[PDB]
Amino acid sequence: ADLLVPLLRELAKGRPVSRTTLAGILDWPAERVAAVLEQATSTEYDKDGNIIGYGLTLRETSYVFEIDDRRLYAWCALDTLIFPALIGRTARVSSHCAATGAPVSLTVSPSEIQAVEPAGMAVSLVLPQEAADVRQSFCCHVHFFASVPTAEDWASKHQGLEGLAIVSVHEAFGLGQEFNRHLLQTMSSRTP
């Protein structure tokens with residue numbers, strides 16, 4: 001009697017999943033499934049109203065995310081992925097340096113990386129702001145840099161923005177892997 005979030009499990013398959021199937025898969029009544037979508041109106045439907053799943057962007061960006069046998073796209077180095085460890089397979093990630101334009105690519109696996117090119121690429125992130133208008137406020141703004149010198153080089157001429165910080169794709173996986181514990185919390189955060 002357990003549940004490892006079959007929703008995304010069947011989702012990763014990228015196949016038409018109806019409520020009777022989500023229900024049939026969850027071995028739960030179509031009403032329980034319904035209750036779930038009853039609060040998910042923002043979710044994208046397809047055809048008669050089935051769960052389309054993911055998609056990120058309508059294929060028109062630079063950040064590419066390949067997994068198993070499904071080519072995905074993103075608006076930032078992050079949007080490409082979300083939970084590699086939850087997938088249970090490898091995820092090929094491709095990016096381009098915002099300064100050198102070099103073709104960067106990394107392999108995101110459920111345990112670590114297995115294809116870093118170039119061997120020394122760097123990632124870029126932004127600092128949290130709480131004094132900006134309403135629209136997005138840099139929902140992501142996550143880019144990659146061919147390396148730390150370029151990341152830091154291009155970074156030098158990329159100051160003034162809302163913080164903006166550079167990092168090693170190696171440390172980016174630890175900061176990205178730690179977010180889980182942060183999101184896992186239902187509410188509040190007692191520790192610091």
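As a convention, Cβ positions derive from the backbone with ideal geometry for all residues, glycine included, and neighbour counts pool all protein chains shown. Every read-out reported here was derived from the displayed coordinates using simple, explicitly stated rules and does not represent laboratory data.
Below are the figures for this structure:
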{"quantity": "Helix-only CD estimate at 222 nm, as mean residue ellipticity for the chain, using -39500 (n - 2.57) per DSSP H run (n ≥ 4)", "calculated": "-7500 deg cm²/dmol"}
{"quantity": "Point-to-point label distance, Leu175-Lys47, nm (Cα→Cβ direction, 7 Å offset)", "calculated": "4.2 nm"}
{"quantity": "Inter-label distance for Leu127 and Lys157, nm, one decimal - labels placed 7 Å from Cα along Cα-to-Cβ", "calculated": "2.3 nm"}
{"quantity": "DSSP-defined beta bridges in the chain - what % are antiparallel, rounded to 5", "calculated": "100 percent"}
{"quantity": "Cleavage-rule hits (trypsin sites (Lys or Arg not before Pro)) in segment 121-192: DSSP loop, at most 15 neighbouring Cβ within 10 angstrom", "calculated": "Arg135, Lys157, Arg190"}
{"quantity": "Estimated inter-spin distance, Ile113 and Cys139, nm [label 7 Å along Cα→Cβ]", "calculated": "2.6 nm"}
{"quantity": "Sparse-neighbour loop sites [chymotrypsin sites (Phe, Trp or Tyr not before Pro); segment 1-104; at most 15 other C-beta within 10 Å; DSSP]", "calculated": "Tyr54"}
{"quantity": "Two-site FRET efficiency, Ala165 against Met187, from Cβ-Cβ distance with R₀ of 22 Å, rounded to 0.05", "calculated": "0.20"}
{"quantity": "Footprinting exposure proxy for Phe145, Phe138 (fewest neighbouring C-beta atoms within 10 Å first)", "calculated": "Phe138, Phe145"}
{"quantity": "Global geometry of segment 86-192, whether rounded, prolate or oblate, following the gyration tensor of its Cα atoms and the 1.5 cut on a/c", "calculated": "oblate"}
{"quantity": "Loop GluC sites (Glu not before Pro), segment 1-74, which have at most 11 other Cβ atoms in a 10 Å radius of their Cβ (DSSP)", "calculated": "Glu38, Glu44, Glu60"}
{"quantity": "Column: log10 I(q)/I(0), Debye, Cα scatterers of the chain, q = 0.12 Å⁻¹", "calculated": "-0.72"}
